[PDB]
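These notes concern the structure reproduced below.
Heavy atoms only: backbone and side chains are in, while hydrogens, waters and symmetry mates are out. In the text below, chain A, chain B and the rest are named by the order of the sequence lines, each starting its count at 1.
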Amino acid sequence: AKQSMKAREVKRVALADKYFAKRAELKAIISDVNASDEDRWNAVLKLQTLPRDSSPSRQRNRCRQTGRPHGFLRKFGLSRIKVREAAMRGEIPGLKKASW
Amino acid sequence: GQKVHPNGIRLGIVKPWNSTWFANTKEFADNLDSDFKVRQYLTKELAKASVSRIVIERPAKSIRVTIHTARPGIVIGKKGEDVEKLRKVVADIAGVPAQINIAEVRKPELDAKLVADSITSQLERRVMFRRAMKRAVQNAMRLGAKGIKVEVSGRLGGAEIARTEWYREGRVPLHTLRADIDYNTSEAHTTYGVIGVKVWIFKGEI
Amino acid sequence: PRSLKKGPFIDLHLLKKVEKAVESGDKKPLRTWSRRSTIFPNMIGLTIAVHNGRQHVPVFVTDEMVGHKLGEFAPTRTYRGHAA
Amino acid sequence: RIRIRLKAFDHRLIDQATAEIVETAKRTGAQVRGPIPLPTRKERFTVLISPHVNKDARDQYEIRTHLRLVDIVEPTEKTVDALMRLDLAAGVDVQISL
Amino acid sequence: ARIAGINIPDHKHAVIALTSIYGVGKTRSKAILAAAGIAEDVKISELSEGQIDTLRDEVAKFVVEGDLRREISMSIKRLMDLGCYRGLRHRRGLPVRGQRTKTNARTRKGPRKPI
Amino acid sequence: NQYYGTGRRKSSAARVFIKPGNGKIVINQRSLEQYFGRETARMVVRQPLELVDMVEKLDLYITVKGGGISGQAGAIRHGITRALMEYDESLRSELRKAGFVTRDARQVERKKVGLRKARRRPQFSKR
Amino acid sequence: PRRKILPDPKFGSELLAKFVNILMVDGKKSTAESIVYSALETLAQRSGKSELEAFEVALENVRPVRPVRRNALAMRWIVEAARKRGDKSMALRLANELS
Amino acid sequence: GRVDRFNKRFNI
RNA sequence: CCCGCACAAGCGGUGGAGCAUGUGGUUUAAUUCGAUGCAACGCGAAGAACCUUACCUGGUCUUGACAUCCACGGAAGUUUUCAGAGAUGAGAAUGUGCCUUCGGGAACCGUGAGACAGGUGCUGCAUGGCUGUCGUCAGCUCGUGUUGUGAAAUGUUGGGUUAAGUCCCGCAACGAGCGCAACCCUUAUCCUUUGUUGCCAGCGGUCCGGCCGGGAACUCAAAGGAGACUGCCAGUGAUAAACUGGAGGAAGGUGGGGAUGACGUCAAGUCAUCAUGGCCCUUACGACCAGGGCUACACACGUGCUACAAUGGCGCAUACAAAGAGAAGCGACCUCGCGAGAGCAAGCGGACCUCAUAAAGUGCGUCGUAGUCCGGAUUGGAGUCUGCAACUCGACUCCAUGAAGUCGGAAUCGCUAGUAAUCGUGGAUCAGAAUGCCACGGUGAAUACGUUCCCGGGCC
Ligand SMILES: CN(C)[C@@H]1C(O)=C(C(N)=O)C(=O)[C@@]2(O)C(O)=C3C(=O)c4c(cc5ccc(CN6CC(F)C6)cc5c4O)C[C@H]3C[C@@H]12
Ligand SMILES: [K+]
Ligand SMILES: [K+]
Ligand SMILES: [K+]
Ligand SMILES: [K+]
Ligand SMILES: [K+]
Ligand SMILES: [K+]
Ligand SMILES: [K+]
Ligand SMILES: [K+]
Ligand SMILES: [K+]
Ligand SMILES: [K+]
Ligand SMILES: [Mg+2]
Ligand SMILES: [Mg+2]
Ligand SMILES: [Mg+2]
Ligand SMILES: [Mg+2]
Ligand SMILES: [Mg+2]
Ligand SMILES: [Mg+2]
Ligand SMILES: [Mg+2]
Ligand SMILES: [Mg+2]
Ligand SMILES: [Mg+2]
Ligand SMILES: [Mg+2]
Ligand SMILES: [Mg+2]
Ligand SMILES: [Mg+2]
Ligand SMILES: [Mg+2]
Ligand SMILES: [Mg+2]
Ligand SMILES: [Mg+2]
Ligand SMILES: [Mg+2]
Ligand SMILES: [Mg+2]
Ligand SMILES: [Mg+2]
Ligand SMILES: [Mg+2]
Ligand SMILES: [Mg+2]
Ligand SMILES: [Mg+2]
Ligand SMILES: [Mg+2]
Ligand SMILES: [Mg+2]
Ligand SMILES: [Mg+2]
Ligand SMILES: [Mg+2]
Ligand SMILES: [Mg+2]
Ligand SMILES: [Mg+2]
Ligand SMILES: [Mg+2]
Ligand SMILES: [Mg+2]
Ligand SMILES: [Mg+2]
Ligand SMILES: [Mg+2]
Ligand SMILES: [Mg+2]
């Protein structure tokens, strides 16, 4: 992946962490059953003023070695390609070729 | 056709892992990434020190790294000054207490990684590929390898058309899972691009 | 559609722009990229120029449009037939 | 009761680690309900092996997590001392429950 | 026999027969019959004129037949007059609910028109 | 004083306890008729007893887990057969001849990469 | 290439078990069994001859060839014929084809 | 239609 | 002369319909790029609303979004306002630490300059690495010797035999290497060990629930062993290798399945995973943002799903799985809602808790061969949930609607057994978004005379 694309992900992770508590607060009001209509409305308006990149759903899992945005495996934090290279060198503990 | 990785297929049969730690999913990816960065750091720092293998254990919270080297003296340095520099950097990148152990490779000519790295060093110095390959094969067989194969692929001697050349002596029975095949690779970055080296060393069954 | 419990979505920047146009009685088209905003009753009689990807399409808001998204009135794809 | 759960990716290592625990208990003069082999988890991964296309070309990998339960009935005075003062082999996760 | 200006089949079970009305499906049919106090499996032929008159009263609580056809027509005309995206899809005779048109869409487009 | 046999078939495993009795069969605390609706399955369960002529000489107490109706009926037959050979070893050759001593080792074949099933390949267009 | 059935439950015949298998679709043997037995009961009552014997009557008239294959084709033709019929159920379609 | 549809299913 | 679901024998499909999906084409501001006979076309993509994103339109930046170096200002930061679609501008508050040699640095922010950074830009016909393919086909070679002026040959051919250059026998060859086989995983039988979170035969108790005391038997868990060798027997065979049959045995002749892919072939695929020679761009081919597009639709092709019904649909009742996942997670019970769901809130990093009704099945009833009580496309109305946000373009629910379709021309595909066919179940990716993919059990066939023919291949 381009250097810029890897830097966008770092920015998104950092903003999501910076605003996690505030976003959770606002969304708790918007979801709150016994919240007032005005308080719900104000929360809806406030939530959209926060940076879009503070939403966790903006993050794309990328291979931690290459930045590849497809073929990710969460267990390893790597794409399918880098998993295989690491696996065959014995660098992934316990992982071996499976037959059954 | 394409061949299975000789090391990979023998893991847990005749071949150990290079990382031995348990982790749950929560820490697994982070441990892999810290291991990657540790090996990246040490491989660069000890490029002149004939490192064959970097084994990583994670006892408790700490990290224990075993560096297999043909040259323990250069890695350790004077009164362990150099190995202490490594240990402090490894501790920082791992973010946990670090131990560094040194393991001597007594026979570098029987170590696939060191043989591969020896060939790629020579190719970058514009040694004739055929000479480098032939000597690698001759040395291994002299030091008691049951067999050795060396493959070199790319723009050999700066030719426009890339080709693969290989030499074998003795036995290299890659379908025998109990065969101790030491396999490793290296890349020479030449003026005409990448030449790839593969080395297989057979040291007997079981 | 958006859960009724959350209310209808409108972009805050558009809401404020609409409020100012209504209070002023200003009749110049409101330029917006907020295709996702719901049309509200107080937008009736305004011209909202809605982005379609390359131009702002003037949408004269009527009472029947209330509750629709603005993007519904600004088609994004150009098609005039294959055999033409 | 001390319950000890051991996990490892290799059964030889986990069996060494359980053998250490039982001997530590049976030296401290503690009753041990001997190693129970609990079900091995087999986590599987299927990956495409080509950099591009060739969808039918895959590798299938597995991590086996081995699991052992040891139960220490009537923990003596230095029983708990000898178990909490034990560095089992790297690669074995040890969870002690009271 | 005759309900909402249509003839309901006499030989069928009442629960099936009532679905002949445009605007009555299986759920509304069951609800109509539950309200009228008529069993689902009674044949329409086997009902008395008093029982049929109560069925007419229950059906009268729903918009059906020509009243429903005109509501649906009005709803589609409204979209087309608005000139919203859905209205444009109705005008052009293409899928209105986001379906692919590169292939398929034959229910809306009709049979294939050779180049 | 009872005679035991384990039986298995597909993913089923049956525990069969035999004693002298009057032809009672209990499977998982239910009668044979109640446990298996299928008469094929009832036949399979009763095959070894009918073959050795001990249908009302014996009471069977059976538990069975895993697999389906046919798997369980086959596991039970295998378990009964083994319990009968504990009861009387001389029955072996007759039970062996009927094919009941064999553990039917046929299992579901795994699905494979690039196939729809174990063997079913995706359709091929030549042109 | 270049280089056994079990008997049916109700009667004890490899011939009828094969017939059930030929009738069966989609591994639904219990369904097929119920059809074959329902059909044979209809067929037995009509003539007064037994199910198994009445089955042999129908086969002998249809059989076209090695003796095993003669039965196979006959059963395959009965089932194919019965499915082509336009009677209410398969059991009746089969009984009407056998009779 | 739509304005009273709107004002009854929602509120500030 | 041989082999392979290659044909034949069979069973079920595709080709017709609707829909899903990929591709071509056409269209477009853009419909990003790549894959192309088998071996591209549910392929890279294990999951495009925004993001992803590579494309378009417009708004913006220029040592830079991402590094190191130097200098000069600042602790970091946090709260907060206005303008703006946002990028980004202006502000306004507040805070003034940690190293202390109390010399100063270390962070970590700004700004200036330029060495540089940056490029999913080009070349897969400059490359590495990785992959497909012939093909898991039985081949491919070498040393030494010998033969030929020599290219070469022999071995490796031949007589038997095998799944196999498998093995035996013969033989100017004698040996060897890479392949075959074996060693590895899994499945079928048994034994030993351990016995909870799993187990319940016997026993005591019991509210009847392995529920309780207990028990360690059994199922099971998972470590270690045993077991299959053509070993035994017979007949055939060249006093052979082997073959055919039999016994015993859970298993019989490679028991079943997997992993494992020789020398090479196609300048095959991939410079867009990554790496990399060369070339090219550098106040732009780099970088930031909002909105759009990748979802377009006269059309053509490929792969699928759902059907066309009665071996079925519907209703009610009621059996029997396996494998797997789970902490920004799986979420019970209870209450509310027709429902999607909501509220409340246990338990569980799990043989314990949760996902989590298996469905086909079976019993009873009903429909009665109809475009139907078949089908479930399409469309209207009303909702739910995820998510800053579902207009373009989500999934799901409810009410209504109720299309084509009556078993599909030429042709063509898969499959030899727990297979095909059919029935559900789980997982990866993932906020949400499978008819795809990967995996799991349930039920469970037909047929194979044969090798003339068609396709691919082997040996002479
Ligand atoms: C895909 N198909 C169009 C062709 C194909 O099917 C084959 C095949 N063997 O079946 C190919 O070989 C192919 O895929 C392919 O790889 C090709 C090439 O690689 C190729 C070809 C021709 C070329 C001519 C010139 C050059 C030099 N470059 C262009 C100039 F600016 C510098 C390169 C070529 C090249 O790489 C033939 C194609 C055929 C393909
Ligand atoms: K569309
Ligand atoms: K290549
Ligand atoms: K020679
Ligand atoms: K978009
Ligand atoms: K599909
Ligand atoms: K019925
Ligand atoms: K219908
Ligand atoms: K959408
Ligand atoms: K068809
Ligand atoms: K998801
Ligand atoms: Mg890069
Ligand atoms: Mg995402
Ligand atoms: Mg688990
Ligand atoms: Mg109706
Ligand atoms: Mg409906
Ligand atoms: Mg769609
Ligand atoms: Mg199956
Ligand atoms: Mg054929
Ligand atoms: Mg079609
Ligand atoms: Mg394309
Ligand atoms: Mg190409
Ligand atoms: Mg390209
Ligand atoms: Mg080609
Ligand atoms: Mg596919
Ligand atoms: Mg986008
Ligand atoms: Mg603003
Ligand atoms: Mg470049
Ligand atoms: Mg190429
Ligand atoms: Mg040859
Ligand atoms: Mg050989
Ligand atoms: Mg092999
Ligand atoms: Mg090419
Ligand atoms: Mg390049
Ligand atoms: Mg964008
Ligand atoms: Mg697409
Ligand atoms: Mg229906
Ligand atoms: Mg589920
Ligand atoms: Mg029609
Ligand atoms: Mg019909
Ligand atoms: Mg076969
Ligand atoms: Mg399925
Ligand atoms: Mg041969």
Result block: side-chain N/O donor-acceptor pairs under 3.5 angstrom for residues 117-127 of chain F, not counting sequence neighbours:
from	atom 1	to	atom 2	distance (Å)
F:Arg119	NE	F:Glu109	OE1	3.1
F:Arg119	NH2	F:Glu109	OE1	3.1

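Residue B:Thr191 has no polar side-chain atom (N or O) positioned under 4.0 Å from OP1 or OP2 of I:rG277. Contact check, A:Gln65 against I:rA275: no side-chain N or O comes under 4.0 Å of OP1 or OP2. In this model, the phosphate group of I:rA446 is approached by a side-chain N or O of G:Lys18 to a distance below 4.0 Å at OP1 or OP2. In this model, the phosphate group of I:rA87 is not approached by any side-chain N or O of A:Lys11 to a distance below 4.0 Å at OP1 or OP2. Phosphate proximity of I:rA417 to F:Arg119: present, with a side-chain N or O under 4.0 Å from OP1 or OP2. The side chain of A:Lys2 contributes an N or O atom lying less than 4.0 Å from OP1 or OP2 of I:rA287. Close to I:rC388, at under 4.0 Å from its OP1 or OP2, lies a side-chain N or O of A:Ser55. Neither OP1 nor OP2 of I:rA321 sits under 4.0 Å from any side-chain N or O of F:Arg9. In terms of phosphate contacts, F:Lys111 brings a side-chain nitrogen or oxygen within less than 4.0 Å of OP1 or OP2 of I:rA439.
F:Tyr61 and F:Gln29 share a donor-acceptor pair across their side chains, judged by distance under 3.5 Å alone.
A cation-pi contact, defined as under 6.0 Å to the ring centre and within 45° of the axis, is absent between A:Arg62 and A:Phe72.
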Identify each atom pair where a protein N or O and an N or O of nucleotides 334-339 of chain I are less than 3.5 Å apart, giving names and distance.
none

Could you write out each protein N or O paired with an N or O of nucleotides 263-267 of chain I at a distance under 3.5 Å?
from	atom 1	to	atom 2	distance (Å)
I:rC263	OP2	B:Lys3	NZ	2.7
I:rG264	OP1	B:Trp166	NE1	2.8
I:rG264	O6	B:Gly1	N	2.7

Protein-nucleotides 35-44 of chain I N/O pairs under 3.5 Å:
from	atom 1	to	atom 2	distance (Å)
I:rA35	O4'	D:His52	NE2	3.4
I:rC43	OP2	D:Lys55	NZ	3.0
I:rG44	OP1	D:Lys55	NZ	2.7
I:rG44	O4'	D:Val53	N	3.1
I:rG44	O3'	A:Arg80	NH2	3.1
I:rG44	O2'	A:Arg68	NH2	3.1
I:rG44	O2'	A:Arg80	NH2	3.3
I:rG44	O2'	D:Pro51	O	3.4

All N/O pairs under 3.5 Å across the protein-nucleotides 309-319 of chain I interface:
from	atom 1	to	atom 2	distance (Å)
I:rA310	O2'	G:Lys88	O	2.9
I:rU311	OP1	G:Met90	N	3.4
I:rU311	OP1	G:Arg93	NH2	2.7
I:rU311	OP2	G:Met90	N	3.3
I:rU311	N3	G:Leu23	O	3.0
I:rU311	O4	G:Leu23	O	3.4
I:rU311	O4	G:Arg83	NE	2.9
I:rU311	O4	G:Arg83	NH2	3.1
I:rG312	OP1	G:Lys28	NZ	2.6
I:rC314	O2'	E:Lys26	NZ	3.3

Polar-atom pairs under 3.5 Å, protein N or O versus N or O of nucleotides 382-385 of chain I: list them with distances, or write none.
from	atom 1	to	atom 2	distance (Å)
I:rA382	OP1	H:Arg5	NE	2.9
I:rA382	OP1	H:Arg5	NH2	3.3
I:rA382	OP2	H:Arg5	NH2	3.3
I:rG383	OP2	H:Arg9	NH2	2.5
I:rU384	OP2	C:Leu4	N	2.9
I:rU384	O4	C:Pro1	N	2.8
I:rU384	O4	C:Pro1	O	3.1
I:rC385	OP1	C:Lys5	NZ	2.7
I:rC385	OP2	C:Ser3	OG	2.6
I:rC385	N4	C:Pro1	O	2.7

Identify the pairs formed between an N or O of the protein and an N or O of nucleotides 292-296 of chain I at a distance under 3.5 Å, and give each distance.
from	atom 1	to	atom 2	distance (Å)
I:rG292	OP1	C:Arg35	NE	3.4
I:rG292	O3'	C:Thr76	OG1	3.3
I:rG293	OP1	C:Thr76	OG1	2.6
I:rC294	OP1	C:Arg77	NE	3.1
I:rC294	OP2	C:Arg77	NH2	2.8
I:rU295	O2'	C:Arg77	NH2	3.4
I:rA296	OP1	E:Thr101	N	2.8
I:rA296	OP1	E:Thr101	OG1	3.2
I:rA296	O4'	C:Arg77	NE	3.2

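Taking the side chain of B:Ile9 as heavy atoms from C-beta on, and the options I:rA259, I:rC51, I:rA65, the nearest nucleotide is I:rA259. You'll find that the side chain of A:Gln3 is closest to I:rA65, out of I:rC299, I:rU419, I:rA65. Closest to the side chain of F:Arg103, from the set I:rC399, I:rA188, I:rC297, is I:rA188. Counting only heavy atoms from C-beta on, G:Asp26 has its side chain closest to I:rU422 among I:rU422, I:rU260, I:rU447.
Nearest-nucleotide positions on RNA chain I place B:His5 closer to the 5' end than the other of B:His5 and E:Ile72.
For I:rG128, its base never sits under 3.5 Å from the side chain of B:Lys198 at any donor and acceptor pair. At a cut-off of 3.5 angstrom, counting only N and O atoms as typed in the model, there is a donor on one side and an acceptor on the other between the side-chain of C:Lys6 and the base of I:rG387. No hydrogens or angles were tested; on distance alone, nothing pairs the side chain of G:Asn21 with the base of I:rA446 as donor and acceptor under 3.5 Å. Judged by distance alone, with hydrogens and angles left aside, F:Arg106 brings no side-chain donor or acceptor close enough to the base of I:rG256 to form a pair under 3.5 Å. For F:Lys117 and I:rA421, a side-chain-to-base donor-acceptor distance below 3.5 Å is present, hydrogens and geometry of angles not being considered.
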Per-nt protein contacts along nucleotides 195-206 of chain I (heavy atom under 4.0 Å; B base, S backbone sugar-phosphate only, - none) come out as SBB-SSS-----
Treat primed atoms plus P, OP1 and OP2 as sugar-phosphate and everything else as base, then score nucleotides 427-434 of chain I 5' to 3': B for base contact with protein heavy atoms under 4.0 Å, S for sugar-phosphate contact only, - for none.
-> -SSBB---
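Across every strand in view, I:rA242 sits in a pair with I:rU236 that passes the Watson-Crick or G-U test at under 3.5 angstrom. With a cut-off of 3.5 Å on both pairing distances, the Watson-Crick or G-U wobble partner of I:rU303 is I:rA20. In this structure I:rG84 sits in no base pair that meets the Watson-Crick or G-U test at under 3.5 Å. Nucleotide I:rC271 forms a pair with no other nucleotide shown, judged by Watson-Crick or G-U wobble geometry with both contacts under 3.5 Å. Pairing for I:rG139 goes to I:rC178, judged as Watson-Crick or G-U wobble with the two contacts each under 3.5 Å.
Judged as a salt bridge (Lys or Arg N to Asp or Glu O under 4.0 Å), the pairs with a partner in residues 42-52 of chain D (not counting sequence neighbours) are, in order, A:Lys75-D:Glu43, D:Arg41-D:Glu43, D:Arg44-D:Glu62.
Between I:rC338 and its strand neighbour I:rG339 the base rings stack, satisfying centres under 5.5 Å and planes under 30°. Judged on ring centres (limit 5.5 Å) and ring planes (limit 30°), I:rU443 and I:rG444 form a stacked step.
Sugar conformation, I:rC207: south. The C1'-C2'-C3'-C4' torsion carries a negative sign.
Evaluation of the side chain to side chain contact (heavy atoms under 4.5 Å, CB included) rule for D:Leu69 yields D:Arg3, D:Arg5, D:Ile36, D:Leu38, D:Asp71 as partners, not counting sequence neighbours. In this view, C:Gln55 and C:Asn52, C:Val57 satisfy the side chain to side chain contact (heavy atoms under 4.5 Å, CB included) rule, not counting sequence neighbours.
Spacing of P atoms, I:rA221 relative to I:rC200, comes out at 14 Å, to the nearest Å.
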